[PDB]
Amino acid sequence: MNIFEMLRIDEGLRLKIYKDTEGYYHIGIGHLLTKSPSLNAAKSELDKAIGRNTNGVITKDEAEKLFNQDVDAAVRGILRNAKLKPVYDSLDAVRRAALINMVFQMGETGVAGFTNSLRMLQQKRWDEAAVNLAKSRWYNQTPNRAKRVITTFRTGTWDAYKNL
């Protein structure tokens, strides 16, 4: 188990444009195309991202390319953020994956907003952080995924992703 396998479980794989739980156009392994309500806008973003006229469908190789790019971007976002980097640097490797997962889902800015949870993580107050993380729109909107990520922060193991 590693961050790529973890996010492939949480996001799935779809080779056609789809809407996520917020109703936004995505493709592949949780790649956000646009927040705009227009499917035409989303097709245009896709063709721009892939470099060809896709007509809304990509191959598995294309999905995995976007995914590699997106994981790299999430990591870079953490390291260039002054609120996230110190937390990341304090964490063990498994808990680092959990933080990358959150940034992949919500973005660098959204996670940097979890001020109190971040402080608790930096202090290694795992049970207190777990409770605080669950008091969120995030948890209420995507509770099964939030629970897996929170369990990962609580325990520092991959147990939530085992048996899946």
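Counting begins at 1, following the sequence as shown.
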Notebook entry, point to check: In the PDB record, does 132-140 or 40-48 carry the higher mean Cα temperature factor?
Noted result: 40-48
Next item on the list: Between 120-128 and 52-60, name whichever shows the higher mean Cα B factor according to the PDB entry.
Entry: 52-60
Item checked: Criterion, highest CA B-factor; candidates, 94, 74, 82, 87 -> 82
Notebook entry, point to check: Which third of the chain holds residue 113 when residues are ordered by C-alpha B factor: lowest, middle or highest?
Noted result: highest
Note to self: Is residue 7 in the lowest, middle or highest third of its chain when residues are ranked by C-alpha B-factor?
What the structure shows: lowest
Note to self: Quick check for you: using the entry's CA B-factors within this chain, is residue 65 in the lowest, middle or highest third?
What the structure shows: middle
Check: Split the chain's modelled residues into thirds by Cα B-factor; is residue 17 in the lowest, middle or highest one?
Finding: middle
Item checked: Third of the chain, ranked by Cα B-factor, where residue 29 sits -> lowest
